[PDB]
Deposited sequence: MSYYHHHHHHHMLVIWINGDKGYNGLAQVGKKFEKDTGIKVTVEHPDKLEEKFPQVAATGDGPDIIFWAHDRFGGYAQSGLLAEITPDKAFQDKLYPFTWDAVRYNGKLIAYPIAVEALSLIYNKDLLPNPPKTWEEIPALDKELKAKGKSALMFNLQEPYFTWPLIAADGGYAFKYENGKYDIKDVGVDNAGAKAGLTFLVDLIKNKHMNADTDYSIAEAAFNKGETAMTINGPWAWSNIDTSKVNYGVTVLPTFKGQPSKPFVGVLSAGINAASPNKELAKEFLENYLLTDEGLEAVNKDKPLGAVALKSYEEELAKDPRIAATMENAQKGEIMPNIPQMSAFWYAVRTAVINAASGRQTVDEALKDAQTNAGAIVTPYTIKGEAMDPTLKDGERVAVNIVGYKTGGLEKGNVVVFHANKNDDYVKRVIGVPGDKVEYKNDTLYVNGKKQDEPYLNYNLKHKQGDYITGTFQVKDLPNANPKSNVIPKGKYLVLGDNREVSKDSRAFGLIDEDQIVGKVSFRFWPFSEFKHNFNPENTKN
C-alpha cells in the first residue's frame, strides 16, 4: 500500500484515479487522504512512524521537513529531469539536494463575475467606491479568505515588503521584510477596508467561496484549484491580473505544489515509480487537473498543451510580479507571525504598527525544540518534557522569572532567572527578598507544600557566592542568579555561583496556566 496526503482544496479524487491505475498495473493499493492541518501533522506522525508515504504541499514547507530528516532525497535521472521545467526543480532544491518532485506552479489571481462587473478594477484604491455601488444593488465588491496570510500578502507586500531577503543565491534569515513602509501601507489599506465595512474580518475560505459562487459578491481572490467549483456554479467569471496598490502590482507568493517521499517509508521505490511514471505524465496530470486545476504544470509536454488557457496566462502574469516562496525552515515561523499580525490588526486587537513590529521580531526569531533532562525543575518542568527554546543572541532581554537554557564548559542546564544585573537578592530560610522587599514564587508552591526537610532553598546571600561581589548582595553587571524550581535537589547558583550573560543560550516556552 502507498498512502498519499494532499490538501483538501486540490484534486484528490483525480489523484485517486491515478492511484487506481497504479493498483491495476502493480497490484499495489494507493490510498489518498486529505486530513486537516496535514502540513502540521506530517512531522507529528513521522515522529511516530505512521505517516504517509507521499506528501503533497507547496514547496515552502519542504525545507523544514528536510532539515528534520523527514524526507528522502529524490534521484531522478537526466532523462526524467529534462521533462520538467528547470525552475520547478530549483523550488525543490534544499542544501544542494532535491527533496521533492515539482508538480505545478500556483499563484493567486483576481476572479471576477462578468455579469456583476464587466470591467474589473485596475486598482485596489477603486474598491471602496465599487463596493458602495454594489451595496446599493444588494451585493458586495470583494470577498476572499482573510484568515490565511497567503491570501492577504499580495496586497500587504505590493508597495514593499518581503519574507526573507534573497541575495547572491541564498536567503538571509536575519533580513526580514515585514516591518517596513510598504507592508504598513498595504496592511493599513486592508484594515481600512474592514474598518469601513467593505470586508468582514471573519471571512474565511468557505465563506468567500460560497459567496462568489452564488453570485453574492463580484470578486474573489483564489488559485486555479478553485475554478472547478465556479464552473459548476455557471457564474460567468474571468480570471485576471490582481489590482495595483499605490501604482504597484500586487505581490502574491508563488508556490510550487510538490510531492515528497517520507524518509521512513518502506515503499520508497514504489513511491518513485508512481510519481515519475504515473503522476508526472500527460495522462496522470490531466486526471488531477480535470478534477481541480493544477496551474502551470511542471511537466513541459502537458504545460504546453494547457498554455492556451487564458486563465493559466493570467495565473503566470500574476506570478511574474510575485515572490517565489522561500523554503528555509524559518518559513513556518514567518507564516505564523504574519497570520497573527493580520488577524490582530484586522480585529483591532493591535494597531497595524504593533502588529507588524511583533511579526517582524517573531518571523526571524529562531525557536529550537528541546527536551528537559532530569528533575531539577520538577514539577514545573518534568524529565523528558518537550519545550521550545527561543535562541537569545550574544548580549541581546532577560528578566526575573524567565526559565533559560545555559552552557558551561558540553554542559547545558535549564534553570529559572531569580536575579538579573543590578538586583539586590538574598534568602532568609525560604523567603526570597529582591531589592529589599519580598517576592512571591508561585512556581515553588507545590515543592514548598511537599518538602522533605525544613526548607527547600534555605538561607543564603549573593555576596557569599562564586562570581559575585563579596562586598554586596547586588548582582554584578552581566551576571545572573539562577535556581531550579526543585530546590531540594537542584545543583544551581547555590553550588556554582552566579553565571554570566554569555552562558545563556535561550529562553524556554512550555505548557503553563
Missing C-alpha runs, given along the deposited sequence, first residue counted as 1: 1-11, 408, 422, 527-542
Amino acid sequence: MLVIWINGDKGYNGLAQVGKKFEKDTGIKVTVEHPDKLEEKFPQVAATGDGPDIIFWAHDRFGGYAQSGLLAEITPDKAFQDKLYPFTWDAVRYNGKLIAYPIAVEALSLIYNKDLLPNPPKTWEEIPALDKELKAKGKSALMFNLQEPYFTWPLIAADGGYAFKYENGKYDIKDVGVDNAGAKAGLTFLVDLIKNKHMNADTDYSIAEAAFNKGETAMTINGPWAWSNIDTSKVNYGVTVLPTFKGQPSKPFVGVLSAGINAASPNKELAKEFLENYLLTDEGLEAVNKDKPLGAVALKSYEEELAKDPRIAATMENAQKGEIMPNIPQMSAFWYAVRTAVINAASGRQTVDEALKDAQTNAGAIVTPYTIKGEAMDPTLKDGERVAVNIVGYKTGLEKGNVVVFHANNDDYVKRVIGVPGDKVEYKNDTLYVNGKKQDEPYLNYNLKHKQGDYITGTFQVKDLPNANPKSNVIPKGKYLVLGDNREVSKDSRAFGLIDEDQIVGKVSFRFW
From here on, numbers count along this sequence of modelled residues.
Residue range whose averaged C-alpha B-factor is higher in the record, 24-32 or 62-70: 24-32
Mean C-alpha B-factor comparison - 340-348 and 183-191, higher one: 340-348
Identity of residue with top Cα B-factor, from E209, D77, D159, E126: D77
Residue, from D383, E269, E106, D202, that the PDB entry assigns the highest Cα B-factor: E269
Chain third (lowest, middle, highest) by recorded CA B-factor, residue given as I475: highest
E488 CA temperature factor, ranked by third within the chain: highest
Third of the chain, ranked by Cα B-factor, where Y112 sits: lowest
Lowest, middle or highest third - CA B-factor, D175: middle
Relative C-alpha B-factor of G422, binned into the chain's lowest, middle or highest third: highest
